[PDB]
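# Survey of secondary and tertiary structure
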Amino acid sequence: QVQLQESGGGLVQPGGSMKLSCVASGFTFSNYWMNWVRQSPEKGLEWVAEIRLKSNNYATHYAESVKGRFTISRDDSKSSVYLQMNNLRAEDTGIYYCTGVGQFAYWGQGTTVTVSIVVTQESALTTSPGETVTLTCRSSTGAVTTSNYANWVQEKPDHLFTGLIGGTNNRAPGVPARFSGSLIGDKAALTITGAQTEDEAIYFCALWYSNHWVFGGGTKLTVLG
Amino acid sequence: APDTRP
Ligand SMILES: *[C@@H]1[C@H](NC(C)=O)[C@@H](O)[C@@H](O)[C@H]2COC(=O)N12
């Protein structure tokens, strides 16, 4: 059990500031880039920010939605990543997760912040135990390639995220072998070969475009029978 | 291009 654990969220007014923290354990924190990703009341995931390694002088990149207002930082000696949020807006409301490793294997449980390119996935698919089901992930820019480093992430109740696949087809360790990533017909795809009842979940894909991630809107997989 | 570190 690698563990990530976020803290610092709460109930804040527009205009305010707040700093989130996240403490990592179980992996060599300092060898990996770290990210913040947030889930809004709309259920969707939005990549917020990344921070690289000491050897990259800690280079950072931000979503356009938060550039100029948020600052990500890390303290390798404390295995911790941070997000300073300034000039908060109603649209900043959501659950904030710290996540990383090949490229989204690990997620914290998240910390709730309440302020008061299109990647397309199937809205829903229905399967049953023992079937083979394939979920797809399309880019508005054109064909998905290995240069998009497609990741697949599973959301179980309640806001429990685990990375399944990174780098198009690389299974995260401990991930069941029934899960596989591919490119099929210029889309990324995730296949469950022999669906199990416990695979009923929301599945998100994420595609990399040079220096940022864009998450798809997710696919609700129902496993019936 | 992203964090491809194993
Ligand atoms: C990952 C490398 N990048 C990082 C941040 O680790 C990338 O430059 C390539 O060298 C690719 C080949 O195998 C790897 O581990 N990476």
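- Looking at the entry header, you'll see X-ray crystallography listed as the method and 2.0000 Å as the resolution.

## Remarks on the nonpolar core
All names here are of chain A.
- By size, the foremost hydrophobic cluster in this structure holds 52 residues, and its most contacted members are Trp36, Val81, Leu83, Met85 and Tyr203.
- Mapping this core onto the domain boundaries places at least three of its residues in each of domain 1 (3–115) and domain 2 (119–223).
- Of all hydrophobic cores here, the second largest spans 19 residues; its members include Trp47, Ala63, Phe104 and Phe204.

## Overview of unusual backbone geometry
Residues and elements named next belong to chain A.
- Omega for the peptide link from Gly102 to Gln103 comes to -15 degrees, which places this bond in the cis form.
- Residue position: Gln103 is located in the loop between β9 (94–100) and β10 (106–107).
- Note that the residue after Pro157, namely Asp158, is joined by a cis bond; omega there is 0 degrees.
- Tracing the chain through its elements places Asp158 in the loop between β15 (151–156) and β16 (160–166).
- The backbone phi angle of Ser79 is positive, close to 50 degrees, even though this residue is not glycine.
- For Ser79, the position within the fold is in the loop between β7 (70–75) and β8 (80–85).
- Overall, the relative accessible area of 23% leaves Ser79 in the partly exposed class.
- Positive phi, normally seen in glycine, also occurs at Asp186, with a value near 65 degrees.
- Secondary-structure assignment places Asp186 in the loop between β18 (179–184) and β19 (187–193).

## Let's talk about the packing of aromatic side chains
Residues and elements named next belong to chain A.
- Taken as a whole and judged by the stated rule, the model has 14 aromatic pairs over all chains.
- Residues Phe27 and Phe29 carry aromatic rings whose centres are separated by 6.4 Å and whose planes lie at 55 degrees to one another, so their mutual orientation is tilted. Across the pair, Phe29 and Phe27 agree in class, each one buried.
- Summarising the aromatic geometry, the rings of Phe161 and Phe204 are spaced 6.4 Å apart at their centres and angled 45 degrees between planes, so their arrangement reads as tilted. Here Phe204 lies in strand β20 (residues 201–208) and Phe161 lies in strand β16, a separation of 43 residues in the sequence.

## What about the interface of chain B and chain A?
- The partner chain A presents 9 residues to the 6 residues of chain B that form the contact.
- Approximately 760 Å² of surface area, both sides summed, lies buried where chain B meets chain A, with 54% of it carried by carbon and sulfur atoms.
- Together, B:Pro2, B:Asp3 and B:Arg5 form the three largest contributors to the area buried by chain B at its contact with chain A, with a combined 71%.
- Our count for the contact surface shared by chain B and chain A stands at 0 salt bridges.
- Grouping the amino acids of the side of chain B that touches chain A by side-chain chemistry returns 3 nonpolar, 1 polar and 2 charged.

## Examining the sheet that holds β8(A)
All names here are of chain A.
- The strand order β1-β3-β8-β7 describes an open sheet built from 4 strands, whose pairing is antiparallel. Across the chains shown, the open sheet's two edge strands, defined by having one partner strand only, are β1 (3–7) and β7. Mean inter-strand twist for the sheet, computed between neighbouring axes without regard to direction, equals 15 degrees.
- Bridge count for β1 against strand β3 (residues 18–25) is 5 bridges, and the pairing is antiparallel.

What counts as what
Residues numbered from 1 in each chain as written, not as in the entry; some residues may be left out. Chains lettered and ligands numbered in written order. Heavy atoms only, no water. Residues with missing side-chain atoms left out of burial classes, pairs and counts. Core = buried A, V, L, I, M, F, W, Y, C linked by side-chain atoms within 4.5 Å. Buried < 20%, exposed > 50% of the residue type's maximum accessible area, 1.4 Å probe, protein only. Domains from an automatic or database assignment. Helix = DSSP H or I, 4+ residues; strand = E, 2+ residues; numbered from the N terminus. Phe/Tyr/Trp six-rings, centres within 6.5 Å; stacked < 30°, edge-to-face > 60°. Contact = heavy atoms within 4.5 Å. Buried area = accessible area lost by both parts, 1.4 Å probe. Salt bridge = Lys/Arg side-chain N within 4 Å of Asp/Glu carboxyl O. Nonpolar A, V, L, I, M, F, W, Y, C, P; charged D, E, K, R; others polar. Pairing = 2+ DSSP bridges. Axes fitted to C-alpha atoms, helices over the stretch in contact; angles between N-to-C directions.

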